[PDB]
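First comes one chain, alone, set out as structure tokens in the form deposited without heptan-1-ol.
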């Protein structure tokens, strides 16, 4: 079964655990390109009472650096906020818990904004059919495929 974090049947405990960044997408492509601050490789999600602890690593000159963030529940069910290179809010429009997790994030920095979408997998890659479903979700949010970057061949340290 599939769910959305904003849906009535969402079970947040089921997204706990191992995840990997498979694809990132954005309407400001520079944010997820090689030296972008949002080209983050997720490692795990730790579900707590009213927050999610997110563990990531970044890459620079073939060198991995760890980073943890705490995302807090907001007043809207299924939405979380976190401070990182500006103010971010995100939701999980679609997940099947056991294979994939699709997230939609809004960043706000210096009075501007951009959208980021991420496809995360329980393993270090996902099927091409799930990747296509993600491209369709990106299209529904006005993000062109040329702004979708598959990072499955670069998500391990």
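Numbering follows the first chain given and starts at 1.
Stretches compared: 67-75, 82-90. Higher mean C-alpha B-factor in the entry: 67-75. Judged by mean Cα B factor in the deposited record, 35-43 ranks above the other of 120-128 and 35-43. The entry lists C-alpha B-factors for 27, 62, 98, 108, and the highest of these is at 62. Per the deposited record, 9 carries the highest C-alpha B-factor of all listed residues (136, 147, 16, 9). Annotation for residue 102: CA B-factor lies in the lowest third of the chain's modelled residues.
The form deposited with heptan-1-ol bound is left out here; the points below concern that form.
Figure legend: unbound chain with heptan-1-ol modelled from its position in the deposited bound form by local C-alpha superposition. Site open, with zero ligand atoms within 2.4 Å of backbone or C-beta atoms. When contacts are judged by a 4.5 Å heavy atom cut-off, residue 103 counts as touching heptan-1-ol in the deposited bound form. heptan-1-ol in the deposited bound form is not approached by residue 126, whose heavy atoms all lie more than 4.5 angstroms from it.
For residue 22, no non-hydrogen atom is located within 4.5 Å of heptan-1-ol in the deposited bound form, even though that partner is not displayed. For the chain shown alone, residue 121 is not a contact residue for heptan-1-ol in the deposited bound form, no non-hydrogen atom being within 4.5 angstroms.
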